[PDB]
Structures are given as structure tokens and as C-alpha cells.
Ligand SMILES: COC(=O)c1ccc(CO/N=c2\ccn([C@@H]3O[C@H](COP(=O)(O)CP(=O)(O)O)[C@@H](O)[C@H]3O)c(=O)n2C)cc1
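We begin with a single chain expressed as C-alpha cells, specifically the form solved without this ligand.
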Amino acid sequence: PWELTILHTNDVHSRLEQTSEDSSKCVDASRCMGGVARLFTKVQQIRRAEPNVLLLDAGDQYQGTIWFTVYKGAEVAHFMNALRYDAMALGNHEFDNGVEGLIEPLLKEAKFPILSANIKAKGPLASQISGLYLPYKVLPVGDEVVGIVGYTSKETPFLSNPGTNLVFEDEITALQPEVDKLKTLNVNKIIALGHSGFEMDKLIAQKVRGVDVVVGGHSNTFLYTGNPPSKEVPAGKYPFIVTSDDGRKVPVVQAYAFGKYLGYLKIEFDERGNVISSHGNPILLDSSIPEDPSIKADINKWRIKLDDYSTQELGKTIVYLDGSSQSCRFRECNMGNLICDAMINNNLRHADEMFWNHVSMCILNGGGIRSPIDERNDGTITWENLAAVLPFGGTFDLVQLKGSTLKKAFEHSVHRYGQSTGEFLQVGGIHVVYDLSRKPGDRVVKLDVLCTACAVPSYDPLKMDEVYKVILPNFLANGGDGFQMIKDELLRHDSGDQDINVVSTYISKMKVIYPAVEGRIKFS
């Protein structure tokens, strides 16, 4: 049998430097994990041991820390080139700076192929981008060849800024003829590498005839066989085996997110390219593995410009930005309005006919706002200032919530009001009125929401059965601050941009800000 070792990452999300255990900023360096210098060491070790190795990335390198803010994808090309990745699929966040912000920093500088079979370019863009990403690449590995066919979430236009000259096709429809064709060209070993989420990966494994292994991303899915090595709870075994329509067993793998783990799957193939076995597990990149000194020095050198950036003026406020807990855990606070307005602004996406935008509504727990910003230094606002307000390494995510779930969330916001607890919600696109004399769970007396499927945005009463799009912190999507109803009742949850970056981009765009407290939240 011919044995291949597939190493893979996904949803690394700009975690170029080692992180704490929960993927936030590293504080105690001796206990940190991940980062590209540590990944380099482990990949180099495995390449000395294993004759036939592919290192694959399943997309979403872009977006997540100050690295992406400042270097805009140049750091992705540079460090993935240093790690000698063999191929990468395009993720939704590769479109965050538009097509131009994908072509120039990443597609033109990567030394490895960048893949997606289900993205079609139209208009003048087609000739500009032709060949810069590919539907597939056939790679030599030893005396053999392996075809790698790429795919990208069809939901990308709702999640990122791909423009209107890219069309995202159904993955299975796009994939099948490419896999068909490779088989006719005597490529008998096929890896589907792409960025649509575990549920779609399993459908691809089941329905795309000839795929031998699926390497996926997007859903930050952690799979593990045995007792897991850290805090992530496995969604299933690694690999996760799908029985295909043609009767084969097809391994599906993913490796969580943030560069914390290196996926590692060993596959034996027979001479006709059929998988005869598959085994592996993601490797926790913990502090027992040394950071490669050369990569780490390079990281340190690139960090200088980040340190410079962190104190540079982004824009100005002419008002006090009240992110105090005495305000934000008790009433509407202007820092909460500012952050919710930034959240909506970041989520302006190309709209279908019937919508002005697909989302209008925002909630933000007041316990997530960790500092004011005063008017010292002539109202200058810096990245460092915003990092004190939003210090947790969160993202502002898109969820779908029934109106009845949102009503429960607003009851939870005030269920024990008066104690300075974190669950009190700041809002955008929502007007709520509380009567604190009523029993807990019966305190919300009016709840109006800004329409989306309207030509003129305006407020209507919340409807219990309607499913609303809402932007909120990943902490809340995950049921943080007692918002268990959000986690247990949501219909869809997509991970969005870095919290600090959402706000910094908004301030930079606005230039001079003056957020008011304007009656989005009232009592009585």
C-alpha cells in the first residue's frame, strides 16, 4: 500500500503568534499554544519521519488579529510560504477586503496553489483573475500524483465582501465534473479541500463520486478519537467516516481553528487509489513543542510595525465614550451604541431585491464592554484604546434567532437587574422598554425591531415566530453570560470579524464620532 500523511489547518484566523489556551492573546508565554513558529517545528518533525506528506489549509487564514489589520494578507502569503504549504482552499474571510484584497496580497504572492472549483468570475474580472485561483491542482507526491479539488461556502456573499462579479455555485454540482475529469486523466487519489462547514463536508463525502478524503473548515469543528487533549469538546471521531453513495468509506477531517491544533491523518491507498485505511488525530500545539527560532525571529521583526500601529490615531471622538460598567450594565450607554453601529456597518453586504441590507439588529452584553475611552489627547482613538474596551479576542458573529428567543434574551438581560451583572444588553436596530416592577421573566413591555425587507428602514413590533438575523459577540452565540437560550434555540451561527477590527474600521471610516444615548433602551 501507498501511505500518505495529510497535515492540515483551517480557520487559523490571523493567529500568527502563539495564543493562550482559549486562543486569545498570549499572557504567560511559557503556557501558550499554536502560532506559526511552533507549527513550523511540528511540520518539520513530521516531514523527517513520513516520506509522503501534504500540508493543506482549508481557508480562513484572513481576519482575526492586528496582523491582518496591518498586513492585509501579506503575512499570510509570507508565513504560509515559509511553512511550505502544498495547497490552500479559499474561505469566506479571504474576501473581507474584496477581490482586490485577495488578488494582490495573497494570490499573487503565494508559492502554492489556491483553490476553489465553485467560484466563477464574470465581467472584466474574469480575465483579471483567471488562473490566480484554480478549481484543482494535481500534485506529485513521491512516485504518485494526488488531485486536490477546492470549494468555498456558497454563503460567502452574506459573510464577506466578494463583490458582484463572483458567482458562488453549489459545491456538489461544481465538484463532480472536476473529479470526473481527473479520474479520466488517471488521477486515482482525490482530496476535496474546502471551506463550507462540516455538514457540507459530509454531503460532499457522501455524494461526490471519486472523492477519497474530505479536508474541511468554516464550522471550527473539532473531531477527536479518544480522550481529547484540551478544552475543545469533540463533535465526532477523527476522521469522521461517511459511507458514500457508491459504497466506500470516506474520511472527513477538520482541526478546530486558530492554529491551536495541526490535523494529522494517515491514509493507506491500494494501487488503484482506493482508501484501505485511515487513522489519525489533531495534534495539540502546546508548549512542549518549541517555537522554531528562525520563524519566531521573523515574527518578532514583523511585529515592530504592529507595535507602531497600535498607538497611531485611527480617528477622533468629540464625546466621552462611556464604556463604564456603572453605565453599560444599567442603561443605554453610548459606547454600546457605537459598537453596535460598527457591528451593523461591518455587516453591510450586497442585497437581494427585497432588502436594504440582510441584517439590521445587534445585541452586545454590557459585561463585554471593559473600558471607557476619555477625550485625552485631543480625542484621538488608538487600536490600544479599543483593545482595552474589547480585550477578549472575540468576533462579532451573525446568528438567526426566532423572535420568541430574542424576547427570552431581553428578559434574561434584566432578570436580576440592579447588581451590575454582565448580561444587560446594549443594542442597535432594536428599541426595548422594560418595566422593572413586573416579575422577572415578564419585564419586557415593548420590543420593536428595524425592518430589513423594506425600502425605508423603520421599526415594527417583534414577531414571536419570525426568524431574525442578529449580529452579536461569539461569547453570546455560545451561551455566555447565561444566554443559554441563544445557544440552544439559534437556527444559524456564522463566525464574523475580530471585535476590535470591526470597531477600528468603523471609527477610521467615520473620522470624527459623537455617539449619543438616544432612547434605544427605556424603563417603565
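Position 1 is the first residue in the sequence shown; the rest follow in order.
There is also a form deposited with this ligand bound; it is not shown, and the following applies to it.
Take this ligand as it sits in the deposited complex, overlay the site C-alphas onto this chain, and 3 or more of its atoms land within 2.4 Å of the backbone or a C-beta, so the site here is blocked.
Relative to this ligand in the deposited complex, residues 11, 93 and 329 are all within 4.5 Å by at least one heavy atom. With a 4.5 Å cutoff on heavy atoms, residue 356 does not count as touching this ligand in the deposited complex; it lies far away.
The closest non-hydrogen atom of residue 370 lies within 4.5 Å of this ligand in the deposited complex. A residue is said to contact a partner when one of its heavy atoms sits within 4.5 Å of a partner heavy atom; residue 60 meets this definition for this ligand in the deposited complex. This ligand in the deposited complex comes within 4.5 Å of a heavy atom belonging to residue 481. Between 133-141, 175-183, 360-368, 244-252, the stretch whose residues reach within 4.5 angstroms of this ligand in the deposited complex through a non-hydrogen atom is 360-368.
When this ligand is considered in the deposited complex, only one residue from 161, 347, 382, 452 comes within 4.5 Å through any heavy atom, namely 161. For the options 206, 278, 281, 97, the one in contact with this ligand in the deposited complex, meaning a heavy atom within 4.5 Å, is 97.
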